[PDB]
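Residues 108 to 240 in this note's numbering are what the sequence shown spells out, letter by letter.
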Amino acid sequence: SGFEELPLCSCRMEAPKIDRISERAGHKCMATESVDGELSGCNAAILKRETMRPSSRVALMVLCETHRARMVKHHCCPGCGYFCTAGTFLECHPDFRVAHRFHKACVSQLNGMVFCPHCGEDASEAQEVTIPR
Ligand SMILES: [Zn+2]
Ligand SMILES: [Zn+2]
Ligand SMILES: [Zn+2]
Ligand SMILES: [Zn+2]
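So, in structure tokens, the structure goes:
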């Protein structure tokens, strides 16, 4: 029932390159962009072979430098693992020029209430945002 049970994201964590994830991907970025439910790939050439993911709900990804930059800004949804770069989505604003992006359907849920899946702040606080492509 308490805040301690809320999941927090892993957007800032990095896993070592010991599982050959980059090699199986051809050293191409594994990011998936979501724009109002339309999914698209990246496959840009990667520079670092360490892997990342916003939560353990999804598999680890090797990423291009642009998508690693967006991942550490909490622009990837921990619920589904898709990046929120354009279209409509929710943003939690814990501090100046900090935005945690996520889909309305991907909020954390505890005791019937909804929370930011990055940081655990109440999601009724979350603003709806529309960003052009
Ligand atoms: Zn990429
Ligand atoms: Zn995050
Ligand atoms: Zn999502
Ligand atoms: Zn948050």
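Cβ atoms here follow ideal geometry from the backbone N, Cα and C, with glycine treated the same way.
CB of residue i to nearest heavy atom of ligand 4: below 7 Å?
i: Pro201; result: yes
Spatial neighbours of residue i within its chain, please: CB distance less than 7 Å, with the 5 preceding and 5 following residues excluded, ordered by chain position.
i: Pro239; result: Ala193
i: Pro114; result: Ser162, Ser215 and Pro224
With H, G and I counted as helix, E and B as strand and the rest as coil, what does DSSP make of residue i?
i: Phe110; result: helix
i: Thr173; result: helix
i: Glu145; result: strand
i: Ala212; result: helix
i: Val165; result: coil
i: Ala230; result: helix
i: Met178; result: helix
i: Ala138; result: coil
i: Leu154; result: coil
May I ask you to check if the CB of residue i is nearer than 7 Å to at least one heavy atom of ligand 1?
i: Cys136; result: yes
i: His174; result: yes
i: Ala152; result: no
Going by the DSSP bridge assignment, what does residue i pair with across the sheet?
i: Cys199; result: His207
i: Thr192; result: DSSP output for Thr192 lists no bridge partner at all.
i: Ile238; result: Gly194
i: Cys183; result: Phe190
Could you spell out the range, first to last residue, of the alpha helix (DSSP H) harbouring residue i?
i: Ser129; result: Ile128 to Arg131
Closer than 7 Å to a non-hydrogen atom of ligand 2 - does that hold for the CB of residue i?
i: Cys187; result: no
i: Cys191; result: no
i: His210; result: no
Using a Cβ-Cβ cut-off of 8 Å (strictly less than) and excluding sequence neighbours within five positions of residue i, which residues of its own chain qualify?
i: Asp229; result: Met220, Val221, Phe222 and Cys223
Taking 7 Å as the cut-off, does the CB of residue i come closer than this to any heavy atom belonging to ligand 3?
i: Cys184; result: yes
For the beta strand (DSSP E) containing residue i, list its first residue and its last residue.
i: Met120; result: Neither: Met120 is in no beta strand (DSSP E) and is coded neither H nor E.
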